[PDB]
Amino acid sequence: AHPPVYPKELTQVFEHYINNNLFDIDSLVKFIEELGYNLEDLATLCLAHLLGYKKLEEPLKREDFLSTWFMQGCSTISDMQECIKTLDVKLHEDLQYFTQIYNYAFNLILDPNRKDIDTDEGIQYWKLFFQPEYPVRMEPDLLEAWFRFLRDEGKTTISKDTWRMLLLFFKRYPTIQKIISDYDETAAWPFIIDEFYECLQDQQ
């Protein structure tokens, strides 16, 4: 009798969280909580990315759960906890990884049958991503003005273009004054960012 491909300990974790025939969203939520996290955490994005999720609420195939953890040398909950802790450090320190996870976040949380995410959910993640502990340095007043602009101008969904480009925009112009002084409306930035620029101009 040949030994199993995957350690007994590892298949035991999968079997613990599976709901009937699927490792579904409820499985993921309970698993994340046992790892020490909440669904909304940026660390959860790192976990989902590691496991190869395309959509947050899509079931995770047994083989994908096992092969992923096996390749990372993890068989137990404690091993998996150490892995995510390592990814979380990388999210804080590694600009390439940070940019990758920032971009990944949009498609992961996107509907089934939508092109855009809700503004509420965008702001929820933006408030996490643009904290000082992460690689992109910017003034809090600017981030706040962005949220206020979206609310005030009735911007209720956010597109992939707005999402991806905002990261570049805040990196390039990390302060309201720098946007005021230096932004060029002819430079082919998203229209929504042109609108934000004009909003900032009007508040001066």
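Throughout, we count residues from 1 along the sequence that is shown.
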*Taking only the CA atoms, which stretch has the higher mean B-factor in the record, 149-157 or 26-34?*
149-157
_Candidate set 80, 128, 101, 108 [ranked by C-alpha B-factor, highest]_ = 108
*Is the Cα B-factor recorded for residue 133 in the lowest, middle or highest third of its chain?*
middle
_residue 193 - Cα temperature factor, lowest/middle/highest third of chain_ = lowest
*Comparing residue 123 with the other modelled residues of its chain, is its CA B-factor in the lowest, middle or highest third?*
middle
_Record-listed C-alpha B factor of residue 62: chain third_ = middle
*Compare the C-alpha B factor of residue 44 with those of the other modelled residues in its chain, then answer lowest, middle or highest third.*
lowest
